[PDB]
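**Student:** based on what follows, work out the 3D shape:
(chains A and B, ligands or ions: 3)
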Amino acid sequence: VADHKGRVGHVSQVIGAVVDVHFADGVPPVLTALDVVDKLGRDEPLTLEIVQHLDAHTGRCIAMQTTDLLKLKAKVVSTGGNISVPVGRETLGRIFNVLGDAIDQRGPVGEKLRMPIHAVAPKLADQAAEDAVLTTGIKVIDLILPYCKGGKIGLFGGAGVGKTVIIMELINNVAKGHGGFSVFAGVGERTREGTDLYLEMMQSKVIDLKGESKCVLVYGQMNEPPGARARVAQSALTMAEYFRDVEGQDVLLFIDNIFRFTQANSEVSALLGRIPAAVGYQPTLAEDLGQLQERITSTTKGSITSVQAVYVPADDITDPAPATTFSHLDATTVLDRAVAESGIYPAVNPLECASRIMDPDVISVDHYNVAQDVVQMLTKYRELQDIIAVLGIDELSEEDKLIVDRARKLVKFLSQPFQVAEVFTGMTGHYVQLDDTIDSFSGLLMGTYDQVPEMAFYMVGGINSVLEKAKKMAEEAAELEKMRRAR
Amino acid sequence: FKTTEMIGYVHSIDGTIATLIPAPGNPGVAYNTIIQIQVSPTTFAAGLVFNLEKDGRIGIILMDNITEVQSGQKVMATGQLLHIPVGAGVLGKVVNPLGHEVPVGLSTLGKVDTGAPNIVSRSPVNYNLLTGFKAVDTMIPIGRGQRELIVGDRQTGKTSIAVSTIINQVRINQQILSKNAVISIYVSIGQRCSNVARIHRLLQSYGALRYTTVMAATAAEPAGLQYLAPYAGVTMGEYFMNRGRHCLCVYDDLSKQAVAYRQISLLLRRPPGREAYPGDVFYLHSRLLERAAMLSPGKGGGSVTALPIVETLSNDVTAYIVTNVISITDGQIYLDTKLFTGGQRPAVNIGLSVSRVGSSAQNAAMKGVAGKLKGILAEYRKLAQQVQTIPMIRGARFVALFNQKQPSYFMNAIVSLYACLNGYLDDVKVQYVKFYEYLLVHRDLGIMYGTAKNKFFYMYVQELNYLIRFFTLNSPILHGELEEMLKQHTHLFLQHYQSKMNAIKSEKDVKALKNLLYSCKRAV
Ligand SMILES: Nc1ncnc2c1ncn2[C@@H]1O[C@H](COP(=O)(O)OP(=O)(O)O)[C@@H](O)[C@H]1O
Ligand SMILES: Nc1ncnc2c1ncn2[C@@H]1O[C@H](COP(=O)(O)OP(=O)(O)O)[C@@H](O)[C@H]1O
Ligand SMILES: [Mg+2]
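**Tutor:** Residues are numbered from 1 along each chain as shown, chains lettered A, B, ... in the order given. Ligands and ions are numbered 1, 2, ... in the order given. The structure is reproduced below:
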């Protein structure tokens, strides 16, 4: 059943994106989507979501499209409930907008069901009692700052450091190790950046036209008005919630950028007539992030694991928009430009990184102890690097020289050739298992691979590939030495 | 809730706030009372009255089923202030500010709006409250009825130190008379939902749910509940206080309560001031924390101890909400971010931290050792190539001892501190203090090897805890017997156990030494 289904109303007032609607038979509920049936002078349709009620017969709304050519007293009709978005495996491979209409010109979607955008966050009973590790198949992440099931994960990094490459690798590696799908919330993104993601995913075959796809794209770009850019984060989250709850699966979500959600709400909140809080943001800033980020969590049924980009405005970390977000996040991944330009990809600076589940209770004791020794050794190495610049390499102690040899190998072994980046690196990818990652790094700290050369560890995955490259280096070095032992 | 009379219809909604038009007759609801809005024929939606306008209109703060509220719906009144379920039957359960129980995976009521105890109603704080931390219980000792703030940055251990304080009570509460049991009330204001679940499981595994009730207003739930959550927490504690029993109240955290109250105030066009907060944001936390107190002998001698948590942004105490709560509470426990990453956990900055009623709050035994520690750490911090005095040696060992994950038992703490005071860990190196302390508590070296011959004093006998609290360590009954235990433990540890460190210069043994010493940091 569905009451108030096609209940007719008329447009009372139009001030920008904010639009009032008069209903004869009482106003619908809050968050109720309304289609504007009147007129064919527009090129695109108009859909209004009720945010407030003014009286029993009038309700204030926000426009998802532009409000151009909208006359007063124009016919408006309800949908039945909230804005409804398609879900299931028929969505995979396709691009969508905030409403759930296909924006890729590849026919109608197969949708067997539609779910509402504004779902409620899970109760206490639905939460997982096992904080569990989400094995990304990447050495720097899994060892030092492991992503957890249900986790909000944060991707800190400047322009052109490896963000889009890491998201694409996680979409591959979720689907390799857990068989999971992925969803990409293009929240307030550049429309031109959306094309490059769609093409690069088509080239790497995470999205496939003819065959199997393992990605969903939901884009609410800068050109769109604030109502869309605000609600588009939730649209993607509804699709990921279907794969979590119904299909019972480990799923990734990718919100670039979560600041643009908060900023989009800051525009509507101004137009709604609400008094701004600190630094000109909406007074419901903490509540807006609350209802969004709480839905992103590991239930008993499945697990959504959202990696997010967060813009820090004016490089001011004390600003409300990041500062409020920091409480919600589990694994902070920091990408450095100097690390990228030195040759280490992915460009993860492990000292500035951190994870909540880096704890003897959650992960194993052998995982924590090995992971701490990598962080400890790299901290000693940075102190020793300042001494070698001043004094010299020969001036160091006997034990400290061996720490440098291991620490140099640790920095090189933290690099990894990505499977999506075969075109860039010119070498096949490497999914490194959690058991492989812990054992290989453990042996390096012991000093079992002291006689193994340094460049063997650079851009490989796991100890078998290290010893394979070291064999190739021994053979090629034997040949070139024999050439100079002659001329 | 109990309906009475249909007072009006819903006119406007603006998220979590609404205004009503009165029904024919103009009955007029009472101020600060609950009202039930009929969202459907079967279901209701609660709300609190905040404004009674001249027009007849009534301002409402929405609480439940906010999505289901609509304009034109009927509104029933209670004609009563907000009362909630309180008592022993509410323990071991999760509950809203309104009183509804939350399901979790696998009782006479009390007014939330209540005045605090007056001048002659209270008394000086004498009963101690053990957090179970050597850093806190010596230097920043909390008394029963005291308000002790917890401040610091995100991920500095503000929740853990508050939750472990509740867990520390179970070992005492199980053994003692229930009259002196510390019943805990963890209020979770604006937190993530999974964080409440992990604390529920952590409280359940240590038997804390028996002596604890969890107030919960998560980030999904509205600002009206978050605003009211600490008030509902104290109400549940005041039951135990007014009926001559001692209680604990954790608010985690008042920063997010203030943000929820700011949302409410700003949405209702209340004039904002410093950092956009209303005029009465000080009054919000003041009337909350003053209801926590230590009552007189004339009114049972009960207590509500308060542990308000307040998040600071980049170690900035000059923020408006932080400075307000500092001026209300009886000192603070400051958690530094640099100490956290440096190693010290809990990261208690002793110089910044302070207890305004420390000396009178402490136990007679704990007062003996702790008075000296202030003198040693004062000289150690000032004096900190090398050159080691007796204070420099013994001072560094205290810093190693203060590191701990889970809370220490009063006997196991005070003996390991007494050892360091009289200088039993001087020959023992700084890295092997946790291995020395572990072998003192769980194992025992005198009974192991041979050279025991103590008549009563051992560490396996946990019941000596309460004899130590009565007589102290510096006393003719226990002094000679204790100094045997420590002399046997040091000589055997230095001879048999510390001899390995000169040995062990190989890869599978240095790593084995590390993994042993790492695990010793956790268990005290
Ligand atoms: N794993 C990797 N292996 C090799 N090259 C990489 C890797 N990650 C990033 N790069 C290089 O860094 C450049 C920028 O990375 P990209 O993620 O596209 O930046 P942005 O996220 O700003 O678009 C790419 O042109 C690519 O050559
Ligand atoms: N005494 C301690 N020893 C070791 N780890 C701790 C200790 N106290 C807290 N932690 C850890 O530090 C992290 C942050 O602690 P938490 O109390 O949640 O800080 P906050 O309340 O500021 O968020 C958690 O992962 C927790 O397990
Ligand atoms: Mg906390």
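
**Student:** count of residues packed around the nearest residue to residue A:247 once chain neighbours are set aside?
**Tutor:** Counting by Cβ to Cβ, 6 or more residues apart in numbering or on different chains, residue A:247 lies nearest to residue A:302, which is 7.2 Å off, once chain neighbours are set aside. All C-beta spots, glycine's among them, are computed from the backbone N, C-alpha and C. By other Cβ atoms under 10 Å in any protein chain shown, the residues close to residue A:302 number 22.

**Student:** which segments of chain A make up each domain?
**Tutor:** A:7-82, A:83-357, A:358-480 (curated CATH domains).

**Student:** centre of the chain to the second one, how far?
**Tutor:** Right, domain A:83-357. Remark: domain A:83-357 is offset 4 Å from the chain centroid, using Cα atoms, centre = their mean, to the nearest Å.

**Student:** what do you get for the first one?
**Tutor:** Its chain's C-alpha centre lies 33 Å from the corresponding centre of domain A:7-82 when counted by Cα atoms, centre = their mean.

**Student:** quick one: terminal-to-terminal distance for that domain?
**Tutor:** Distance across domain A:7-82, first residue to last, is 14 Å (Cα to Cα, to the nearest Å).

**Student:** same question for the last one.
**Tutor:** Across domain A:358-480, the terminal residues are separated by 46 Å (Cα to Cα).

**Student:** same deal with the second one?
**Tutor:** Distance across domain A:83-357, first residue to last, is 36 Å (Cα to Cα).

**Student:** is that domain in proximity to ligand 2?
**Tutor:** Yes: Domain A:83-357 lies within reach of ligand 2 by Cβ under 6 Å from any ligand atom, at residue A:356.

**Student:** and the residue nearest to residue A:413 when sequence neighbours are not counted, what does it touch?
**Tutor:** Using Cβ to Cβ, 6+ apart and skipping the chain neighbours, the partner closest in space to residue A:413 is residue A:457 (4.0 Å). Contact analysis of residue A:457 by Cβ atoms under 8 Å, 6 or more residues apart in numbering or on different chains lists A:409, A:412-413, A:466.

**Student:** got the phi/psi numbers for the residue nearest in space to the middle of chain B?
**Tutor:** With distances taken as Cα atoms, centre = their mean, residue B:162 lies nearest the centre of chain B, 3.2 Å away. Residue B:162 adopts backbone torsions of phi -80, psi -40, taken as degrees, to the nearest 10.

**Student:** likewise the one 3 residues further on?
**Tutor:** With angles defined as degrees, to the nearest 10, residue B:165 sits at phi -60, psi -40.

**Student:** please apply the same query to residue B:185.
**Tutor:** Here is the backbone geometry of residue B:185 (degrees, to the nearest 10): phi -140, psi 100.

**Student:** what's the burial count for it?
**Tutor:** For residue B:185, the neighbour count with other Cβ under 10 Å is 26.

**Student:** contact partners for the closest residue to residue B:105 other than its chain neighbours?
**Tutor:** Leaving aside its chain neighbours, residue B:105 sits nearest to residue A:125 (4.2 Å; criterion: Cβ to Cβ, 6+ apart). Counting by Cβ under 8 Å, 6+ apart, residue A:125 touches B:102-106.

**Student:** burial of the residue of the stretch 251-400 of chain A found nearest ligand 1, as a residue count?
**Tutor:** Distances between the stretch 251-400 of chain A and ligand 1 by Cβ to the nearest ligand atom are smallest at residue A:345, namely 3.7 Å. For residue A:345, the tally of surrounding residues (other Cβ under 10 Å) stands at 21.

**Student:** wait, isn't it in contact with residue A:416?
**Tutor:** Yes: counting by Cβ atoms under 8 Å, residue A:345 touches residue A:416, with 7.4 Å between them.

**Student:** joint contacts of these two?
**Tutor:** Residues touching both residue A:345 and residue A:416 (Cβ under 8 Å, 6+ apart) are residue A:459.

**Student:** what's in contact with stretch B:41-50?
**Tutor:** Here stretch B:41-50 makes contact (Cβ under 8 Å, 6+ apart) with B:1, B:3, B:18, B:29-39, B:58-66, B:68-69, B:76, B:82, B:98, B:224, B:228, B:268.

**Student:** distance between the ends of that stretch?
**Tutor:** Terminal residues of stretch B:41-50 lie 26 Å apart, using Cα to Cα.

**Student:** for that stretch, which positions count as buried?
**Tutor:** Within stretch B:41-50, the residues that qualify as buried are B:44-50, counting by 16 or more other Cβ atoms under 10 Å in any protein chain shown.

**Student:** within reach of ligand 1, which of the residues you listed are there?
**Tutor:** Residues of the buried residues of stretch B:41-50 in contact with ligand 1 (Cβ under 6 Å from any ligand atom): none.

**Student:** rewinding a little: quick one: which of the contacts of stretch B:41-50 sit in helices?
**Tutor:** In this view, the contacts of stretch B:41-50 that belong to helices under DSSP state H are B:224, B:228.

**Student:** give me the buried subset of the contacts of stretch B:41-50.
**Tutor:** Among those, those classed as buried by 16+ other Cβ under 10 Å are B:1, B:18, B:29, B:33-39, B:58-64, B:66, B:68-69, B:76, B:82, B:98, B:224, B:228, B:268.

**Student:** narrow those to those in strands?
**Tutor:** Using DSSP state E, the members of the buried ones among the contacts of stretch B:41-50 that fall within strands are B:18, B:33-37, B:58-62, B:76.

**Student:** ramachandran angles for the residue in chain B positioned nearest to ligand 3?
**Tutor:** Relative to ligand 3, the nearest point of chain B is residue B:159 (3.4 Å; Cβ to the ion). In terms of degrees, to the nearest 10, the main-chain angles of residue B:159 are phi -70, psi -50.

**Student:** contacts only, for it.
**Tutor:** B:195, B:199, B:252, B:309.

**Student:** adding distance to residue A:2, write the residues you listed out as CSV.
**Tutor:** Shown next, in CSV, are the contacts of residue B:159 (distance: Cβ to Cβ, whole Å):
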residue, distance to residue A:2
B:195, 37
B:199, 40
B:252, 41
B:309, 45
